[PDB]
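Chemist: coords please:
(chains A and B)
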2 protein chains.
Amino acid sequence: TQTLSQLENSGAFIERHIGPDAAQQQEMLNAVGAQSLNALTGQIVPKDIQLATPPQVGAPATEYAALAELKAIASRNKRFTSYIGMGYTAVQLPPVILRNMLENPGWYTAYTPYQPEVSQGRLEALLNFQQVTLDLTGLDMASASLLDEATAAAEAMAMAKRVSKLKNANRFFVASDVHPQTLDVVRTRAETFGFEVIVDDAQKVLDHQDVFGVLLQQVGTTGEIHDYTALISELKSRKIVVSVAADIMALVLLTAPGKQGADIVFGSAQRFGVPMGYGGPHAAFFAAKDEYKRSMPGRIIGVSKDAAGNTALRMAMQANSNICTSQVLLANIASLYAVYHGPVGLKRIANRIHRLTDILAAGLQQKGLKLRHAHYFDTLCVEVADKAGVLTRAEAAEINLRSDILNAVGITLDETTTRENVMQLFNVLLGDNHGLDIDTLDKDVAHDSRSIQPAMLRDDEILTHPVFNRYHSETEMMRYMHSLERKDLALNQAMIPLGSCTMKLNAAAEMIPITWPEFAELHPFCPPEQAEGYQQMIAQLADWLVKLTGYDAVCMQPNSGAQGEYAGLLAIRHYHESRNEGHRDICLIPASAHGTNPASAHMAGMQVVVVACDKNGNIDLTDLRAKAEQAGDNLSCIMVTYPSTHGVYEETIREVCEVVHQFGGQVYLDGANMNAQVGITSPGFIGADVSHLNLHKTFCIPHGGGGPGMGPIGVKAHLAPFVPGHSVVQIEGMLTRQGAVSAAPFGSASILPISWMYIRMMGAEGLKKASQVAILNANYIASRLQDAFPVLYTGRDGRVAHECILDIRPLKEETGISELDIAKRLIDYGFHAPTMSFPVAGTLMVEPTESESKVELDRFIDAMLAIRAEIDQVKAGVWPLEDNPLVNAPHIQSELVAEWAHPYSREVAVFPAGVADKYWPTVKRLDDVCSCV
Amino acid sequence: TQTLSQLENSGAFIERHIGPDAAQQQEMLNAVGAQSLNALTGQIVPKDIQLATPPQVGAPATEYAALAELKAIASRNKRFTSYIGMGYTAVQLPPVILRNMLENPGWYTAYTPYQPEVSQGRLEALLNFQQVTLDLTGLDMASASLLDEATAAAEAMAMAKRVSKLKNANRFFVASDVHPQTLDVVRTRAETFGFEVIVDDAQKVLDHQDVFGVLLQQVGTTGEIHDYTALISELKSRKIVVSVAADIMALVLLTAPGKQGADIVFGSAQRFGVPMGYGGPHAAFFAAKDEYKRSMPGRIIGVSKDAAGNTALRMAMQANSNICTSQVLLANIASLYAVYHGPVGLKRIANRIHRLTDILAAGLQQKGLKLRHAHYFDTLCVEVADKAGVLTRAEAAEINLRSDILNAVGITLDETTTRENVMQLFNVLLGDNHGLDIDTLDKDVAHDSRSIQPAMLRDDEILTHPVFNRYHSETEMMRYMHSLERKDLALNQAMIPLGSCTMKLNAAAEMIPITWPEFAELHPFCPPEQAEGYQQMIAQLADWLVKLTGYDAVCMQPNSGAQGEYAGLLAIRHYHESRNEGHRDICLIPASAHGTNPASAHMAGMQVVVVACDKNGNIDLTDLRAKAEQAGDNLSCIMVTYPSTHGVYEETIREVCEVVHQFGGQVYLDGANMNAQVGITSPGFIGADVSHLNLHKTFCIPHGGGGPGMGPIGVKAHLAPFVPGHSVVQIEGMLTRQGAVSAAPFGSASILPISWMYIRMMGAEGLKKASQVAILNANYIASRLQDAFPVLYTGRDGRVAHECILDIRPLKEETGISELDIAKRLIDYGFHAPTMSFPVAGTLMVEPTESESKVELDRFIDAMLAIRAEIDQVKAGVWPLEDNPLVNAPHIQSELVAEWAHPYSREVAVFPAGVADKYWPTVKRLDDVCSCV
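Modeler: Numbering: from 1, shown residues only, chains lettered A, B, ... in the order given. Sure, structure below:
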């Protein structure tokens, strides 16, 4: 029989998340010549860094039990109506977009468009987002989206320095009306960059000298609308770069800053249907003049042409910044919101918000209350004689107002405000028996409205492009979203075995809580007592992560992997400065590291010294010893990846850490390859002092067409005081007072439920089993493909850790077929191509996660063997190098009905592995060697 | 400027639901030569039946406001833990199925597979459901699903009568252990059929004579497991048909009744992941022996072959029953649940339920409580000395137990029961300080378990087909569901202009509340005080519907259109019997009526008299007068459709009603064409006495691959007392005590939120505008296609109401191309074919709803004109009648890469209207002239 525990099947999610079952795992172990997962892992992972027991995060729970527990936790949050503002407002996300995009795995299970041939649908949505940015800002070049408004302001300052034509100008000016979180992030970035920040009134910049750039907010943090035309003209007369922060919804009604002379315009796209999510993941728009196209940060979608001449979109841009990805899922949400509403719908929403603000202001002023600013769009600043009583009454009414303004309260209206809300506000601020009526006030304000200056009122036409004027029906919008989705190859169709990326399963149980109104719909700057569920969940997650990573503390603020590396380096630098050792600025980086690490080290104000790797990507101790001796007292830290970028479990990592620590240098272990450690080993037990965790890779947070997921960092005890803090929000025991790295205190807090659910559902043994099953899948692919393509960078007994690197260079030499040809030909077999040329050019890195079953691995192996056979045919003279299926891939269905002159058949070209479940690439190969259409 | 009301935009959903905008509507009105919607409608609808004002259901509300109001209503429901049983239990629907199927419009926006070439994906899920039915029941032929277990029992009785080989046997035997709702529905059906029902112990059937069939329940309503092998053998020795009701989850562990000798096995598939939904929409499985294949009710999926010889699935069956459709969406949910769990997972779930029941029973018996039945699977019958105290304690613990058993309480466990629940039950039934421990009881019961007889324990292998053994990963299951979904043509890709079906928009806002746990997860037989939100919502919906239809009362019990017709005819018959006028049994039916009406009239025990239509489908008064005179005192009712089946607003409907009423006959207006009335006219104002409303057609309830949606009926004051009632549930003012027509008191109550949301969001003027816009779209299609294909059955000034009937017979005569060829060729243009040959053979009926925009209508018109040009080419001799794109359609992509011998190009064959957004039919034409593969 079975015990009751076996019948309850706690750990049922372990067998859903891990692809192969017990029999498939046994077959793969037989194929790779290993007795069990424990034996394989113990013969691959070095003995001195092996954990006998996996970190004890708890017993596994079922999806239903975990969801119920998280629902009970989230019910501790209080859903007050928020008028706090400060860059965050409640939105009304259309149910058609929420149903068919946000909760659709075809939209959130894809990664960065490394293959534009299979990503045309999401590329068009990003192009629509760029078109919205161009229309609203009035500039020429728009980015594909940035992390958030504060990071976008930091990038605007960096780009202003890059494009400045003034020597000896190292001062950056910020207007005092800028949102405080933006000011804090800009101050941290300027401290690391060496810039001097001046904060004052906007008009006072003319007094100061040596200013290379200025930051202005179109609408002040307390709601004042500014006309900056004369000041911007005077600034441009002095060759000063002008950047303006603008709200996306306010740009519908207000004059575009680009037409007022702004060089750079950026802001939050959150109000276009993106819920706040306690400061959650939001996209930021970024625009600049055409003369600064070379220095624009981030990625840009461009219009290119096929090998067949068809119009095709691609992500072109790569501008010395550490941004590597964009908030693709949220930017697509904003663009789809714009498409659904149209210019008329967006104008109606903005006019309704402005009219409700005008009605509230007229009522308050009729009842004797004074307003600080006479020009506003959606934010009032009411001067209350008794602030404490007003705040108490608002709390009794379950209404949150901005309470950090001296002798005043702040009300910000949004898309969800109704007349009932305005009546509640009248009751709160004036008391009962005020006697105001919305209709008479409405008639008064519609005729007489002077809250917006005539010059600041928009009069041009926005969103005239046809895509914004033809999908206003729910049926048409649904069909448009489906047509965009059909063009892409997502995880719900095929495996995406990208190296250095963990395209594992984004389970529906992990995705469900992130759309809960208890986790969404929360203002990041709300009083912390109303966010007790978030506090409980984040504390549990931090305890789990410190157990898993072997560290002592965890900070969730960073919202990207590069942001996490930057935050960890900031912690190292602040620790060095706290011991009167600020002269330590040398950051040793192995020659095989990722490109992001030197960028982050340069951002953190660290001199980068490259240490050579002897061979196979293993850094040699003699060169490391010599470099660290040369650094000596000026050695700040080291930046290594374990397992290495070549996916090798090096046997000298402990003595590398010892050598670094011998000279007073910290060890930063990059957590890119953490998917190969969880349960088997931890960076803290290895000896690292600080690391960053890519929850989007190792803990199942999805890539929404890009990878700007959570980047929380784990530190040892001595580095704990120096993790990034926050200024707006103060929470004892969970937030420090250090310079913030993100706009929100906890970054994108509304996707941390994914990691919480994943850890809660797996447990310690589940996580360890997932790691070793991923290792087993990689070794199975390596052992099945060693005779076709040479396997590079093997470990002990010729084994790979979790990535199988295939050597294509000999094949390219004696045939001419490159790794790009194989990557494009895998599309015809129905596969997203692996990573090409990341560690070394001419190679392919295959990283199967634990989530892919043996059937999918066998399909991929069969496709690779068939491609090898095709390369053999190319060598044999059957097909010319000029005309063969490898160089002509991918093949589109328009070719089938045209005249066929190729020496290979249509079936070979288009159905090399069969006709069933055929995915169709929309465009041919993009040479790649920005306007919506 | 704009007023605040214009900025709030109440009625925003009206412009999302209605396809064309104001400019497109003006262009279409110009094309059809009408001044406005009011002018067109007033010139189409006869003056004497026109409503000056639309029925006042209220002002429109936004989607967010309506959702908030419905959430506040649904929060009045109490979510007690239910152990009531009686055929309903809480399920654990896997989040992967809920996310990717239940909330995926690609799964619930399709209709009945009239075109199997575009429905292979859902046909495979229905085939999997049939395979599950065959494996669990042990019989040869399985249906594609029935409405519910009680209706399935009624069909089992009808089929037993059909296949009975005994003359003069008119008695049907029902065992007293059958669920009471099943007994009530069977009694109503037998009263209408003339059968005599005997209810007694199962063994007592041997005493009675003249029995043609017996109904048995494998597990009694109080949980007793029966071994019926000897009794079934003795019954078969007497040529008595044996039907057995079985639970789908109990069949995992218990011996299949088919192997015990049962001729027919049926039951509820609800426990395979389908939430109860207050008795909501559930699928019922139905199986029979191979010798009864001809008399099986409902539809059956069969394995056929293509015109190219490829294997292809199709819905084959049509057995004199009024079932026309199946619960496709719920049956697919059950089949996907079976696929996800596998035989091992299903066995584990059933064994866990049985083990928890055994632990609870052992604890209760150790603590001095007695059990009525020693053999059980998941239901106990605890004999409590103080029933009232136990029930009060259970209510204090928020636990629902079956409370209608004399001197006993009933507990039924399900998939969601845990050890904590069993401990709570111990506290409820034994009090505190009982001292029982789950682990020691578990050890006792695992070793010693006699609650299932050795002969009743299943020992065979179920679900050995490969589809049940290879998709247990979440990734693999997601990819399988996506692969099934990709094969189908749904509303999220193209218009489905089926006549007699209203394939309008199933908005996401209407779909969201049906998955709410407040509306789902409710037991239909829970105490009504815990269902106050349902009561409020249903009362509001009934008031709205009586306003809209011009009637006085509405009953929501019927769960299909045929069920609604049957219920209305039952009301007519009971009214006639209440006035000592039972001899009235003649039901006049026009010769142009649908096929469902005569079936329902025969089911209701009515003699059908056909009255001839003079021409154009308009019934002639002289024949109607003569037929009604001949009927005289025996005339029961009439069954007309307004507008007629040919979509004609007849000008003599008032005098037809007058003629029927002159002889004491009731008027049943079939509500098939109600989409052309709402706001413009109502059947009650016309003069009808009773009608049925297809909420799945006119009020936006989706078709989930089939049309078994709500069929509520509206009646006048005198027929109100005779609407179907319920026996298990008693609610004053909302439920009568008449014979039930469905298992649940309110039918599928968890999809009534769709209709509530639709009406609340549209309002009176919105509904009227939707009706006249649908009329305008039909007239625009008719006016753009009159020169290509003749338009049949025009009204005043040559206008159609809401369906455009195209005459293909001249084209077929002069060319040989049939309406079936055009229907298949429209697939190549990316369209679901219209209705073929419903009113008259050789015609196509196009019904565009108000939801299709002018762009989609223009695309359809262009496709039809291109098809007309192709038929002209066929006539001209360019293409032979044997070899042309019309007769060879649809074209599949496997043809493109094969040798092409056709006289027409590949591009003409496969991309006649372009290459963008190409939907690919999976199979070629199915000739039609049942095993999973």
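
Chemist: Pick out the residue nearest the middle of chain A.
Modeler: Chain A has residue A:708 as the residue nearest its centroid, 1.3 Å off, counting by C-alpha atoms, centre = their mean.

Chemist: Residue A:418 and residue B:796: what is the separation?
Modeler: 46 Å (C-beta to C-beta, to the nearest Å). For every residue, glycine as well, the C-beta is placed using N, CA and C.

Chemist: oh sorry, the question was meant for residue A:465
Modeler: Taking C-beta to C-beta, one finds residue A:465 at 44 Å from residue B:796.

Chemist: So which elements touch the helix or strand hosting residue A:30?
Modeler: Assessed by DSSP states H and E, residue A:30 sits inside helix A:22-31. The contact analysis (3 or more C-beta pairs under 8 Å, 6 or more residues apart in numbering or on different chains; DSSP states H and E) places helix A:22-31 against helix A:37-44, helix A:752-785, helix A:854-876.

Chemist: Please enumerate the helices of the stretch 151-300 of chain A.
Modeler: A:180-193, A:229-237, A:250-253 (DSSP state H, counting those that start in this stretch).

Chemist: Chain B contacts on the stretch 301-450 of chain A?
Modeler: A:348, A:351-352, A:355-356, A:359, A:416, A:418-419, A:438-439, A:442, A:446-447 (C-beta under 8 Å from any C-beta of the partner chain).

Chemist: quick one: residue A:53 from residue B:465, how far?
Modeler: 42 Å.

Chemist: likewise residue A:75?
Modeler: Counting by C-beta to C-beta, the gap from residue A:75 to residue B:465 is 43 Å.

Chemist: tell me the secondary structure for the residue in the stretch 251-400 of chain A that chain B sits nearest to?
Modeler: At 3.8 Å from chain B, residue A:352 is the closest residue in the stretch 251-400 of chain A, using C-beta to the nearest C-beta. Recorded secondary structure, residue A:352: helix (DSSP: H, G, I helix; E, B strand; the rest coil).

Chemist: Burial check on it, number of neighbours?
Modeler: For residue A:352, the neighbour count with other C-beta atoms under 10 Å in any protein chain shown is 20.

Chemist: Surely it touches residue B:7?
Modeler: Yes. Distance between residue A:352 and residue B:7: 3.8 Å, which falls inside the contact criterion (C-beta atoms under 8 Å).

Chemist: Would you mind telling me which of residue A:53 and residue B:465 has the busier surroundings?
Modeler: Legend: neighbour count by other C-beta under 10 Å for residue A:53 and residue B:465, higher for residue B:465 (18 against 9).

Chemist: pretty sure the more buried one is in contact with residue B:131, am I right?
Modeler: Yes. Applying C-beta under 8 Å, one finds residue B:465 in contact with residue B:131, separated by 5.7 Å.

Chemist: Quick check: the closest residue in space to residue A:923 that isn't next to it in sequence vs residue A:190, distance?
Modeler: Among residues not flanking residue A:923 along the chain, residue A:312 sits closest, at 4.0 Å (C-beta to C-beta, 6 or more residues apart in numbering or on different chains). The spacing between residue A:312 and residue A:190, counted by C-beta to C-beta, is 40 Å.

Chemist: Reduced to three states, what does residue A:805 come out as?
Modeler: Assignment for residue A:805 (three-state DSSP): strand.

Chemist: give me the number of residues near it?
Modeler: Using other C-beta under 10 Å, residue A:805 has 30 neighbouring residues.

Chemist: and if you look at the one 5 residues further on?
Modeler: Close neighbours of residue A:810, defined as other C-beta under 10 Å, add up to 11.

Chemist: That one: what's it in contact with?
Modeler: residue A:790 (C-beta atoms under 8 Å, 6 or more residues apart in numbering or on different chains).

Chemist: in the stretch 801-933 of chain A, which spans are strands?
Modeler: In the stretch 801-933 of chain A, the strands defined using DSSP state E, counting those that start in this stretch lie at A:804-807, A:835-836, A:843-846.

Chemist: Compile the ones you listed into TSV and extend it with columns for distance to residue B:168.
Modeler: Shown next, in TSV, are those (distance: least, C-beta to C-beta, whole Å):
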stretch	distance to residue B:168
strand A:804-807	78
strand A:835-836	80
strand A:843-846	76
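
Chemist: I'd like to know which of those strands lies nearest to residue B:252.
Modeler: In terms of C-beta to C-beta, the element of those nearest to residue B:252 is strand A:843-846, at 40.4 Å.

Chemist: just to revisit the earlier point, am I right that the residue nearest to residue A:923 sits in a strand?
Modeler: Yes. The assignment for residue A:312 (three-state DSSP) places it in a strand.
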